[PDB]
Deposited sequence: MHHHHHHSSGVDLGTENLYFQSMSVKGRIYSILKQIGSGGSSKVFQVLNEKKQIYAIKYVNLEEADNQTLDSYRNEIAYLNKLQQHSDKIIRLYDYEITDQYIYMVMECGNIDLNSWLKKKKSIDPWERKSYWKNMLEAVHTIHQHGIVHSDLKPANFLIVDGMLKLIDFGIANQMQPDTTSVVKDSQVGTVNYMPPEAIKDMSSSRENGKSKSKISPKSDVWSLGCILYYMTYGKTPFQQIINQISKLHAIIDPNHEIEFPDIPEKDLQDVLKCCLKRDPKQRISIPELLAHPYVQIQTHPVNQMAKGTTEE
């Protein structure tokens, strides 16, 4: 099968992912260049869902010129029935990659981390707080990590359980506030991803019961374990990201001036 976007024809190689009323396909243009096209079916979409997709497209377009750590959006077609977004095609998402890998290279972990900070910092500059960061929001595109979405609309999974979620990256202030959400909330989630890339587990994964897990995340008495590692700077980053008090938690601008990101 093939699809048309702004008078340009793309042939479908395969479906990469799905989630709700959206599908992502690996496609080729006439010159045999690879792209990823995101198709959103708007036929059963409520005003709230519509506005979320409009807001996600607007921010992707706006952020193109600000950072190359944001996934490229080349073109799009939006009607009342559907949305087509032509984007750069990545090799794999970070969650699928972390599930495969037995061990991560220290240099690779540092380079990916730098990319994540730059991408998240860019959205923060524009007043966006993602609030739902997790490895699946990151795409590996020829050695560099790029942010795929802004947490504004529907997330997707590779191609399966539509019920699947994770509270493993959720910050304490988001749970306590039941507005406490700030850029600091994304620092905690990034901290959890880096903790996963360092210890091979998220800080609270060992807790089965979801209620108990949420209780441990907000409990000041539940001490997060930071076992000794050769990179002392990395250990400091982790501890600074995973402070329960968001006022005491490190900021992204400070994380970008950290020895861990700036020094070999």
(request) Enumerate the deposited-sequence segments absent from the coordinates, judged by C-alpha atoms, in order of position. (result) 1-20, 180-184, 204-213, 300-313
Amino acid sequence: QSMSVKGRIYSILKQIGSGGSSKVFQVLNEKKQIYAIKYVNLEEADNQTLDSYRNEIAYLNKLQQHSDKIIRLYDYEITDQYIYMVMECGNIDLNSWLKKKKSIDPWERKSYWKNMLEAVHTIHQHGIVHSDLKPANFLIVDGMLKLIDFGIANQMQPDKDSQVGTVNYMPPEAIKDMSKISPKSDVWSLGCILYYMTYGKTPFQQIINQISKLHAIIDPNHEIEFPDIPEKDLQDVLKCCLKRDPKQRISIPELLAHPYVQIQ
From here on, numbers count along this sequence of modelled residues.
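Between two forms, the rigid core is defined as the largest C-alpha subset superposing within 1.5 Å.
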(request) Could you say which moves further from this form in 8 other deposited structures of this protein, stretch 231-239 or stretch 43-51, by root mean square CA distance after aligning on the core? (result) 43-51
(request) Kindly name the stretch, out of 243-251 and 18-26, whose CA atoms are displaced more from this form in 8 other deposited structures of this protein after the core superposition? (result) 18-26
(message) Please determine whether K134 lacks coordinates in at least a third of the other PDB entries of this protein that model its flanking residues.
(response) no
(request) Would you please confirm whether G90 lacks atomic coordinates in a third or more of the other entries that were compared? (result) no
(message) On mean Cα temperature factor in this entry, is 147-155 or 88-96 the higher one?
(response) 147-155
(message) Highest mean C-alpha temperature factor of the two stretches 104-112 and 70-78, which is it?
(response) 104-112
(message) Among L133, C192, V120, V164, where is the Cα B factor highest in this entry?
(response) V164
(message) In terms of recorded Cα temperature factor, pick the maximum from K62, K239, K38, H215.
(response) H215
(message) Can you tell me whether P246 has a C-alpha B-factor in the lowest, middle or highest third compared with the other modelled residues of the same chain?
(response) middle
(request) Looking at the entry's B-factor column for C-alpha atoms only, identify whether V187 ranks in the lowest, middle or highest third of its chain. (result) lowest
(message) What third of the chain does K160 rank in for C-alpha temperature factor, lowest, middle or highest?
(response) highest
(message) Is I211 in the lowest, middle or highest third of its chain when residues are ranked by C-alpha B-factor?
(response) highest
(request) Would you please rank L42 by its C-alpha temperature factor against the other modelled residues of its chain and give the third it falls in: lowest, middle or highest? (result) middle
